[PDB]
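As structure tokens, the structure follows; a few thoughts come after it.
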Amino acid sequence: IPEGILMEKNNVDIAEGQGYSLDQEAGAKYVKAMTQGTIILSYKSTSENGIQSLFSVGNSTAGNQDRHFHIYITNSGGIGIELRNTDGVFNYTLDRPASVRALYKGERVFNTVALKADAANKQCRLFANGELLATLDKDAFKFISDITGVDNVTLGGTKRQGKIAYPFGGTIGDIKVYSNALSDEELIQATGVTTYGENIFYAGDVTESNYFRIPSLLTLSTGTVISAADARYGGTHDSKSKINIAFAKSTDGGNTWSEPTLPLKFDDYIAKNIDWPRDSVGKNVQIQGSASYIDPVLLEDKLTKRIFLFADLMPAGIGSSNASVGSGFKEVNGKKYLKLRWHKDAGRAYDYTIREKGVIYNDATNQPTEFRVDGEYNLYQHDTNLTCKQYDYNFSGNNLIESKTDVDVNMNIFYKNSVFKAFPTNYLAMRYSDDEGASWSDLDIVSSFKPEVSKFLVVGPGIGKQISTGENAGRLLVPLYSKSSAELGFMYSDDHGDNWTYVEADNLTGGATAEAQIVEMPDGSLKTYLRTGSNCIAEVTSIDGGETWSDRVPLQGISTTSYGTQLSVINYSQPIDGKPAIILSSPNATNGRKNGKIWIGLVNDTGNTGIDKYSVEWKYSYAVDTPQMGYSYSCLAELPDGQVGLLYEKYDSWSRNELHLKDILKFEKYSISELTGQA
Ligand SMILES: C=CC[C@]1(C(=O)O)C[C@H](O)[C@@H](NC(C)=O)[C@H]([C@H](O)[C@H](O)CO)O1
């Protein structure tokens, strides 16, 4: 077998289920005997077949259907390989879900992939569109030379007992087969020739997080576009993990983004890039003793130009599912204060409070203690800052070891090793900025209003809303949801963010995940669209600036799942078809988070008054990709030009098979012309 390229073919159209024989190529005899090597190919799939082999080499004869090697893709964007010679001899597999796409802006696009079988390092590596997707190490390295009775080299399928299995349909732009193992750098470069959309946050940036989730995108009145997202360090798991909130901005209409910052973060556990295991056991493991921030909301007060960032604040080892019932506050002298437990007191004895100027009081004696906290909630004993050892986390087999290091960090009331510990329920935190993120104010815990009967009261991620007209013009609103007397709720402010008031929008006690977003009607009334625990998105209306809301009404015509997914709905500044318009984003499948679509709803005045004054006609729907392609949480924003920006999760964030994937948060832009099917 010679060194270098054994075979190359260009522009090969393959009819679905037909395949294409490469048996008469000059180098087929070498390819059928490869001991190692590299395969790189450019393709465009036009088929909806479940599994589609791009390239294969194997034994096509009777009873030898498990003797072959193939690189394949799935209609849901997965990519992988199978190296087989019957299960008793060997069956090596490697794959990564949501690695390729099928359609972009209405047309089928090319993806570039590569497999590297490195004999010297006894390792296999998969690449696609400029990214290293997965790695497989084997002590008993095997390749094509190890398959018994190889008799074919095929494009677009795998020959099994004389039939074309895993049928591809489309075009193989180019394929190059090398007997040598090219470097990872060469493959990143080669496959990086085809990319779609862009990343704002990514594995390797200064956040030091390998994973991101829960997008927020907002264009400011100044033209600057800002964004935020969960920087999920310990895999893509929800809280009871180590998560910080990342932030970035664009001053050129969303073309390039700044170096990300971490406006909301904890230091009890180190922030580091770590590859979370994706095996059936390790994938379920999550960080146990870390405090975190989760689910961001961005909002601008157009009058003052001030911006706000809200997020849920989870004490050490807490998440919504295990938060304790209670407000986390205690009323003394008619004023609500954050309550604390001295580490040497009884397990449930919260006998202290943080009062004026952060001074901690002994509630029993009503006398100040020798401790206090600053605007960051870090402890001080007699003006000396307290510290504790930062933790690190590493896997030893399937076990996650969380151990103290030698690094000292400031002791915070939300940390597990703090001398004074906060009540283990969730909180609502916020910071404001008057310089578009160059600096943020002190930590403001606004959840003193948390109902004492509630398990959790959290935010509906995305953006908030400021009323632009009517009697309540100027009012700031942020959507909330809880497990208490009400499910859907809101917090509003009439003094530009200085103080907030909580509102219960219903009397549902089930605690379903009612994540919602708010839109304003022409007269200042409001309509809120929300995820529900039923098979539909609900709509509620308010005629009094969000103080009271109508009963939930199903949003007719827009399909969803029973468990549901967060949605994004925004106001658009110009009329569409001459009418006021709102734009909605959400996966459209009835099972699985996939088939994302952007809808345009036109506001019509029915001629009635009150809650029934307006009716929204969802006139247009725009499919982002093919039906099986993953699409989860998202956030829309009207960019300074006429475009609509979209920051979304391009994978199924609910699936137990798609956890811990890197670089799935993508940013794309669409014109109203495109969105209205008008090309
Ligand atoms: C595993 C994903 C949970 C999540 C969701 O995607 O449904 C994401 C979101 O971040 C999360 N929020 C909090 C505060 O935990 C919720 C939540 O975990 C429940 O799943 C409610 O849907 O939904």
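Order of appearance sets the numbers: ligands from 1, and atoms from 1 within every ligand. Position 1 is the first residue of the sequence, and the numbers go up from there. Both backbone and side-chain heavy atoms feed into the values below; hydrogens, waters and symmetry mates do not.
A centroid separation of 6.0 Å or more is found between the aromatic rings of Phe329 and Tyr337. Taking the six-membered ring for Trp, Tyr202 and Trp257 have ring centres at least 6.0 Å apart. You'll find the ring centres of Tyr427 and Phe414 inside the 6.0 Å limit. Residues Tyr648 and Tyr633 keep their aromatic ring centres 6.0 Å or farther apart.
In summary, the side chains of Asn378 and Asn412 do present a donor paired with an acceptor at a separation below 3.5 Å, with no hydrogens or angles considered.
Of all the atoms in ligand 1, the ones that sit under 4.0 Å from a non-hydrogen atom of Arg232 are 10 (O). Atom numbering of ligand 1 starts at 1 in the shown order; those under 4.0 Å from a heavy atom of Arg531 are 7 (O), 22 (O). Here is the list of ligand 1 atoms found below 4.0 Å of a heavy atom in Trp654: 7 (O).
Ligand 1 lies nowhere less than 4.0 angstrom from a heavy atom belonging to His237. By the 4.0 Å heavy-atom criterion, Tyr633 is counted among the residues contacting ligand 1. By the 4.0 Å heavy-atom criterion, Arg593 is counted among the residues contacting ligand 1. Heavy atoms of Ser239 come nearer than 4.0 angstrom to ligand 1 in no pair at all.
Given atom 18 (O) of ligand 1, the protein heavy atom at minimum distance is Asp238 OD2, 2.6 Å. In terms of protein heavy atoms, atom 22 (O) of ligand 1 is closest to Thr513 OG1, 2.6 Å. In this structure, the protein non-hydrogen atom closest to atom 12 (N) of ligand 1 is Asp295 OD2, 2.9 Å.
Using a cutoff of 4.0 Å between basic side-chain nitrogens and carboxylate oxygens, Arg101 and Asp625 are scored as salt-bridged.
Within the cation-pi definition used here (under 6.0 Å to the ring centroid, within 45° of the axis), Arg232 does not qualify as a partner of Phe212. By the 6.0 Å and 45° rule, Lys242 stacks over the aromatic ring of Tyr233.
Between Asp312 and ligand 1, not a single N/O pair is under 3.5 Å apart. The distance criterion of under 3.5 Å between nitrogen or oxygen atoms is not met by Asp230 with respect to ligand 1.
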